[PDB]
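Colleague: Please read through the structure below; I'll follow up with questions.
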């Protein structure tokens, strides 16, 4: 559940 | 309701070490990681890295390896940033950011120069003066360091004519001025004084304006 | 390299529509960016998330006049019916993950100026050195300039009608509400103040000159 809010799955 | 409250300004000499806190309220602390951002006087925001608020696993940006350390106090919903072996270039405002929420910032000033309490002088009108309807009075705040000074006038109150003119750094120290405009029959009738507060030197100066 | 490109500055008239550009590098052109707004005495504020298809989602406290759009590697912040409160530096940000390794990057930012603010002549207030400061055998003369627009000024000192440059420190014009203010100080010794018949602070704004004087009498 927890992660960096700035982390977007589409940006890999 | 969501708020990230950071510790106050810090004045350190080079080679010293500073510890900045970021108190999280309004959401579950361990749900989101905490980012740290640097904004040097240039004002360009710079990502320093982030920390997992459960594990305490930090990730540092390329420019922030070695001297920078992120830590937690999960129980207290507090994130910390520690900068070791300080340098002049570390003079910047430091932010903790969830991403969509940001802290107010913490100004870190790296200087070998001592904290100086300001000299406060009253500013009143000249010899041949009849201000007609309204009279203007000021307070000169000279030779202080660093720049966190805050002035309050409480003889009239609020924005009666209270103008706070930003500081200028001549030679070693900073200088500021703040004025107040009141009715010509309120001064020198009803007493007027000003309160100067320099938090870095923990002082408060007060000057009564006389003609 | 994960690089974002923006303009250094831009100006718009009040009520117009501002389109700001944030450009993703050749690779990463399908990446989602974030927009932040930064006003002078405030921390940055999240504006929105903007995906490759123009899809956007704004933050809390963000008015309806803020919207996004995208082309290829270009991400646009559209501000409709731009207000004077929308004067700020707009910064974009982008994240990237490699092998479970998160990295975030900010752009250089775009300073946004909103025009149509009413032109106003400066008000000069000159104070002589206090009796207290003169006991330290020092003398600071204060020139307080206020209520002016646009920012562009020239501050000049005069003693006995003769220009004084020694001991003059002038501030830059700083925004204070819908106008500007600035200050200038003239540091002389005591008796240097008392050996001159009057002192003048001149301010030139839009070719017009405004001046005030002090009398050691």
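Colleague: Rounded, prolate or oblate: pick one for the protein assembly as shown, where a ≥ b ≥ c are the square roots of the eigenvalues of its C-alpha gyration tensor, a/c under 1.5 means rounded, and failing that, prolate if a/b is larger than b/c, else oblate.
Modeller: Prolate.
Colleague: Take every residue in peptide B:189-201, count the Cβ atoms of other chains within 10 Å of its Cβ, and give the average of those counts.
Modeller: Working: counts 0, 0, 0, 0, 0, 0, 0, 0, 0, 0, 0, 0, 0.
Shielding by partners across B:189-201 averages 0.
Colleague: Subtract the Cα-Cα distance of residue B:31 and residue B:71 from 0.36 nm times their separation in residues, and report this length gain in nm to one decimal.
Modeller: Fully extending the segment from residue B:31 to residue B:71 adds 12.8 nm.
Colleague: Classify the range C:68-143: rounded, prolate or oblate, from the alpha-carbon gyration tensor (a ≥ b ≥ c, eigenvalue square roots; a/c under 1.5 rounded; otherwise prolate if a/b is larger than b/c)? All intermediate terms of the calculation are to be shown ahead of the outcome.
Modeller: On the way: a/c = 7.16, a/b = 2.07, b/c = 3.46.
Taking the square roots of the gyration eigenvalues as a ≥ b ≥ c, the range C:68-143 is oblate.
Colleague: Follow-up question, since we're still on this one. Rounded to the nearest 0.05, what FRET efficiency do residue A:12 and residue C:121 give with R0 = 60 Å and r taken as the Cβ-Cβ distance? Could you check?
Modeller: Numbers: r = 58 Å, r/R0 = 0.96.
Efficiency for this residue pair is about 0.55.
Colleague: Kindly rank B:103-109, C:131-137 from highest to lowest mean number of other beta carbons found within 10 Å of each residue.
Modeller: Details: B:103-109: 19.7, C:131-137: 13.4.
Top to bottom by mean Cβ count within 10 Å: B:103-109, C:131-137.
Colleague: Explain nothing, just the number: relative contact order of the range C:39-163, from Cα pairs under 8 Å at least 6 residues apart, as a whole percent. Working shown, then result.
Modeller: On the way: 157 pairs, mean separation 17.5, N = 125.
After rounding, I find 14 percent.
Colleague: Please label the shape of the range B:98-185 as rounded, prolate or oblate, based on the square roots a ≥ b ≥ c of the eigenvalues of the alpha-carbon gyration tensor (a/c under 1.5 means rounded; beyond that, a/b larger than b/c means prolate, else oblate). List each step's numbers first, then the result.
Modeller: Numbers: a/c = 3.65, a/b = 1.64, b/c = 2.22.
Oblate.
Colleague: Here's a follow-up. How big, in percent, is the set of alpha carbon pairs in the range C:172-217 lying more than 13 Å apart?
Modeller: That fraction is 70 percent.
Colleague: Give me the percent relative contact order of chain C, please, defined on Cα pairs under 8 angstrom at least 6 residues apart.
Modeller: Numbers: 513 pairs, mean separation 37.1, N = 217.
Computed value for chain C: 17 percent relative contact order.
Colleague: On to the next question. How big, in percent, is the set of alpha carbon pairs in chain B lying more than 33 Å apart? Mind dumping the intermediate values first?
Modeller: Details: 7665 of 22155 pairs.
I get 35 percent for the Cα pairs in chain B exceeding 33 Å.
Colleague: P(r) for the range B:165-211: what percent of alpha-carbon pairs falls in each 10 Å bin, starting at zero?
Modeller: For the range B:165-211, the binned pair fractions read 19, 43, 28, 10, 0 percent.
Colleague: In nm, to one decimal, how far is the residue B:152 label point from the residue C:85 one, both placed 7 Å along Cα→Cβ?
Modeller: Label-label distance for residue B:152 and residue C:85, simple model: 2.7 nm.
Colleague: Tell me, what is a quarter of the convex hull surface for the C-alpha atoms of the range C:92-217, in nm² with one decimal? Can you show the working numbers first?
Modeller: On the way: hull surface 50.5 nm².
Mean projected area of the Cα convex hull: 12.6 nm².
Colleague: Ignore the peptide's own chain and count Cβ atoms of other chains within 10 Å of each Cβ in C:133-140; give me the average, rounded. Can you show the working numbers first?
Modeller: Values: counts 5, 1, 0, 2, 0, 3, 0, 7.
What the average comes to for C:133-140 is 2.
Colleague: Using Cα pairs under 8 angstrom and six or more residues apart, how large is the relative contact order of the range B:1-112, in percent?
Modeller: Working: 270 pairs, mean separation 42.1, N = 112.
Across the range B:1-112, relative contact order equals 38 percent.
Colleague: Could you give P(r) for the range C:1-116, binned at 5 Å from zero, as whole percent values over all Cα-Cα pairs?
Modeller: 2, 12, 23, 25, 20, 11, 5, 2, 1, 0, 0
Colleague: Now for a separate question. Residue separation times 0.36 nm, minus the C-alpha to C-alpha distance between residue C:71 and residue C:206: what's the value?
Modeller: Details: separation 135, 0.36 × 135 = 48.60 nm, distance 4.22 nm.
Once the chain is fully extended between residue C:71 and residue C:206, it gains 44.4 nm.
Cβ: placed from backbone, ideal geometry, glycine included. Neighbour counts: every protein chain shown. Any read-out appearing in this document is the output of simple, stated calculations on the displayed coordinates, not a laboratory observation.
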